[PDB]
Structure formats: C-alpha cells, structure tokens
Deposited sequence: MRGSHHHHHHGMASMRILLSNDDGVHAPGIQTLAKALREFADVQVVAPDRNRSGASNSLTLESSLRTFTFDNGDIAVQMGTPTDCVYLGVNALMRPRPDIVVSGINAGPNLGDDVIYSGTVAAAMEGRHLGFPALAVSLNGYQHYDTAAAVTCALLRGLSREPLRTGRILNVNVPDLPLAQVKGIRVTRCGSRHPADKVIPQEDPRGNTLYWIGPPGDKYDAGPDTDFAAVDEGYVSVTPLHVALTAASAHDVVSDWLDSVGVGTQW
C-alpha cells in the first residue's frame, strides 16, 4: 500500500502526452518526480553530459526539464540530486512509438531506464506501439509498479515494456519475451540528375510477435560487455609485443 518514490523521465521531453499521462496515473498511488529533456530527443545521441553545466527549468506542477539534457542526464540528476530521498525506481516513458529489437540500446527511452538500473527496483522502459492509447500504457505501468511493491524483482536490470496501441479491454495479456532482429541487401540510385551512385534502402517468441498478436511485451535486460575469456586472450597478445625499439 505504501508510497513508492518514482523518478519519471522520457525521450520525448517534459511536454509529451506520454509522460504527462503516465505522471497523472502514477500520482494517484505514488510520489512522482518528473525530470525529463527540455525538447524531443528522437534521433539524438545519448551520453552523460560531463563537465558541462546543465540548466534546469521548473514548471508550475514541479515537473523539471533539463536544458539540452539527454535522457541519461535526466536520470543521473534525478537519482543523485533532484529527488530526495533517492527514488526507488526509474520509469521511462510512455514513449510515442515502439522500442523493439536488438537496436533498443540506441533508444533514449531504454537509455534512461538503463541509467536507473542500479536502484532499489529494476527500471521500467515503457513504449506504446503507436500514438493513441496512452491510457492503456499508463494502466499497464501501474499494474507493474503495484506488482513490484508486492513482491520485489531482482535489481541491476531493466524491463523493456511494449504496450499494443489498443483499448485496455482488447489487450490479450502479458508475455515475457526476448528482443527481435530486423537486418547485405543494398539497392541502387535513382537521383534525377544522377547526383550519386552509392545508395541503399537500409520469431514466435520475439517482442515484435507478442505485440503484433495483441500482447504486452516484457523483455528483461542487463548490460554486460566484457568476457574474462577476452580479457587475457588480448592481455597475452599485448605482452607479446611490449616496449622495445
């Protein structure tokens, strides 16, 4: 029953209908602090903005927008400075458009969640497979948060949630999925004065399939980029050709 501290961010910026819908739904049963970008960051790199002062705007309701802040900037500032006591969880969304595939790491929605993966509860990244039923997506997120406060799930990770763009009553249920994959298939030029020649035009368990079949898709993600297997197969490769003239 008790009040969970939620850091809410996104990719689409403080004004987006997705984050503002979710925030209203969440403020009914949780303490919500919005720290989001000052603009829509679709197509924009994610990174922590280091050693460069970030200006902070405060809205009437207390939402805060970070001037030129990436989704990771917002999460970093929210976790370490802007939400006191420190948030229990980071929620990122609701994003306008899906976040499916192995390409999700390059998305700002996932990136914000990823930045909040070390908190008390695993981070949620929430995307709507469209632009209409934010209500459905906000409902699915609430169910998830209630569940986490009931029986906690292991931290250090994120759940990537994709919600079909459907009325709540038409959603068939929730599946635990794994990410899909979309991609040599390059084509030919067609410029009117032939300005250039070199051109391009570039599973039953995948997240794509569950969403297409009308289900909420939940993919558990973690970041691990090193093998102890690689660490010394290049270390003995380095000490092979050491210092010498």
So, counting the deposited sequence from position 1, which segments are absent from the coordinates? 1-11, 195, 215-222, 266-267
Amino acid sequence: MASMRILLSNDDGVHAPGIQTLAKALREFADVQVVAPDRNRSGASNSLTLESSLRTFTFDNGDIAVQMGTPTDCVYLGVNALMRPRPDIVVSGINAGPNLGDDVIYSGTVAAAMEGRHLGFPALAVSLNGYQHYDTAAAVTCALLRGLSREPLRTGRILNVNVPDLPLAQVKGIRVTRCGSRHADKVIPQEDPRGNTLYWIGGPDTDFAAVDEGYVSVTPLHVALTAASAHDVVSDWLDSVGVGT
From here on, numbers count along this sequence of modelled residues.
For the higher mean C-alpha B factor in the entry, choose 5-13 or 229-237. 229-237
Pick between 30-38 and 204-212: the one whose mean CA B-factor in the entry is higher. 204-212
Out of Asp88, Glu151, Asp135, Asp165, whose C-alpha atom has the biggest B factor in the entry? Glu151
Among the candidates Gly43, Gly62, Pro193, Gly69, give the one with the maximum CA B-factor reported in the record. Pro193
Split the chain's modelled residues into thirds by Cα B-factor; is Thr49 in the lowest, middle or highest one? lowest
Relative to the other modelled residues of the same chain, rank the CA B-factor of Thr155 and answer lowest, middle or highest third. highest
Select lowest, middle or highest to describe the third in which the CA B-factor of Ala224 falls within its chain in this entry. highest
Per the entry's values, where does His118 land by CA temperature factor relative to the rest of its chain, in the lowest, middle or highest third? middle
